[PDB]
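See structure below.
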Amino acid sequence: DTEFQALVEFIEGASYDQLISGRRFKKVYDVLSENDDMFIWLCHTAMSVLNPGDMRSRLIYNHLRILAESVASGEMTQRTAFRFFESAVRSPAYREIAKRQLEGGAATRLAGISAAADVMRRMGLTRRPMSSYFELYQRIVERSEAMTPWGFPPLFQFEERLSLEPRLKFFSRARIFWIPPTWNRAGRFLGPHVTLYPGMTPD
RNA sequence: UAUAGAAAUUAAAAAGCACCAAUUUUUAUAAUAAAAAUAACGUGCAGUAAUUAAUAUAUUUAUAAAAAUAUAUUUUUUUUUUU
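Read in order, the letters of the first sequence correspond to residues 1 to 203 in the working numbering.
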């Protein structure tokens, strides 16, 4: 266990220098957040809103299950996996299945994320054998991907462009977005090398 | 540029009257070319007041590398508009 070892090193350091410094907390924030359970929970909460009887949803379910198992094995990197996930999410078949599950009313997504937590426990997709149920509780009681009505985190990178155009007011109407260098006075440290994002301010 | 942390962001190319010998000009009256002069091209101290929107066309003034007048186009940073 490297996380308990880093916690032991944090306790020994905080007892040594008798203050809460910036180095040790950054070290244990980097150790406790090395897990890829976020993307596995993304794929499994996308699998939860599907239909176990429809063959198209069976194809999407097996595709996202293979994607999550390839992420947990370390054979596929995170960026290409995110490309695969956003290509599977932006398809109109998955969005139509999510709309049908919204129009149902007695939706099976709660049993979906519960079986997802059981699968992540059984297949070893977590760091601790009982951490998936606390992560399920965290997905339920907080604003997350599980409370979204379509089953993905609500960023504009996971929503279609033809729905992005009439809603949002971006730079010019009728990829990586940048500030053009005509703005010589944008902010204090803002410039052309500072990227901007459509639906969020990451600053 | 800001009702002065412009201690910020900045290469997405804004350009080629005198000075420098591709050349050019003048003349011989009953005598008929060898004498003189001028290079071609682009700058040019022209500024400041924390001065000063820019570009294009036309006209007038010897601050002419300047300045003024008459139109057109562009520049707005989101609290006005949306086939």
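For each residue, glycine too, the CB sits at the ideal point set by N, CA and C.
Query                                                                                                                                                                              : Result
If I'm right that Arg143 touches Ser132 with Cβ under 8 Å, what's the distance once you round it to whole angstroms?                                                               : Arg143 to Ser132, Cβ: 20 Å. No contact.
Take every Cβ of the segment 34 to 51, pair it with every Cβ of the segment 108 to 125, and state whether three or more of those distances are shorter than 8 Å.                   : yes
Mapping DSSP to helix, strand and coil, what is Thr195?                                                                                                                            : strand
Rounded C-beta distance between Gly191 and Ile179? I'm assuming under 8 Å.                                                                                                         : 7 Å
With DSSP as the reference, please indicate the residues paired to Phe177 in a beta bridge.                                                                                        : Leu196
Could you work out which residue in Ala116, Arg23, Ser57, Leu162 is closest to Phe39 when comparing CA atoms only?                                                                 : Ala116
Can you look up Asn62 in the DSSP assignment and give me helix, strand or coil?                                                                                                    : helix
By a C-beta neighbour count over all protein chains shown, 10 Å radius and 16 as the cutoff for buried, is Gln101 buried or exposed?                                               : buried
Using only alpha-carbon positions, find the residue among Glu75, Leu64, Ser70, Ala93 that is nearest to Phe85.                                                                     : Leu64
Note the first and the last residue of the continuous alpha helix (DSSP H) segment covering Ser114.                                                                                : 109 to 122
Out of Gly187, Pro149, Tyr29, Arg185, state which residue places its alpha-carbon closest to the alpha-carbon of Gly104.                                                           : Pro149
Starting from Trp41 and walking both ways along the alpha helix (DSSP H), at which residues does that stretch end?                                                                 : 37 to 47
Spatial neighbours of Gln157 within its chain, please: CB distance less than 7 Å, with the 5 preceding and 5 following residues excluded, ordered by chain position.               : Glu86
Kindly list the residues whose CB is nearer than 6 Å to the CB of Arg90, restricted to its own chain and excluding five residues on each side of it in sequence; keep chain order. : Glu160
Assuming residue 213 contacts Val28 (C-beta within less than 8 Å), just tell me the rounded distance between them.                                                                 : Examination of residue 213 is not possible in this model, given that the chain is present from 1 through 203 alone.
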